[PDB]
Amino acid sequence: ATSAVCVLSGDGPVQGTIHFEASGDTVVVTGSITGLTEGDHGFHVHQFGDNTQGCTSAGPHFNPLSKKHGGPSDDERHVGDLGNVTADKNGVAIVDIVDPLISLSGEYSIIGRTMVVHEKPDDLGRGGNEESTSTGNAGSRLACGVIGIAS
């Protein structure tokens, strides 16, 4: 696949559409998320594209290299660690990310996995407790969707 899309939904007001495109040797992530509280929100690819129990069944962060959680610019990060998205005063977050670890094909493919937007800011693995090294203390999953092949 060269293009993918994800519609985020949850039990609250948070909604959004995220587009993925393979450009050259990298992946470009764009889109927008609405209904968020102003501020930073963790934004990650979780391992499973299973929404049988809402976003809970998406599992932990996608992590084929078995590393600890970090920010997108770190060497020590999960493949799914895309950092934070920032919502304005109106609750809108514009997504504009380029990432060197995710892919749309092969071992690092995120097709069929779940994009999640979280309640709190991701501390990028620097919070100092065990939880920071797993999830960045980003908290609950406000909305999520399975990443599918797009035209």
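For every residue, the number given is its place in the sequence shown, counted from 1.
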query	finding
Entry-level comparison of average CA B-factors, 109 to 117 and 36 to 44, reporting the higher stretch	36 to 44
Higher-scoring stretch by recorded Cα B factor average, 11 to 19 or 130 to 138	11 to 19
Per the PDB entry, maximal CA B factor within 99, 50, 122, 96	96
Within-chain third of residue 70 by Cα B-factor, per the entry	lowest
B-factor third for the C-alpha atom of residue 146 within its chain	lowest
Third of chain Cα B-factors occupied by residue 84	middle
Chain-relative CA temperature factor third for residue 63	lowest
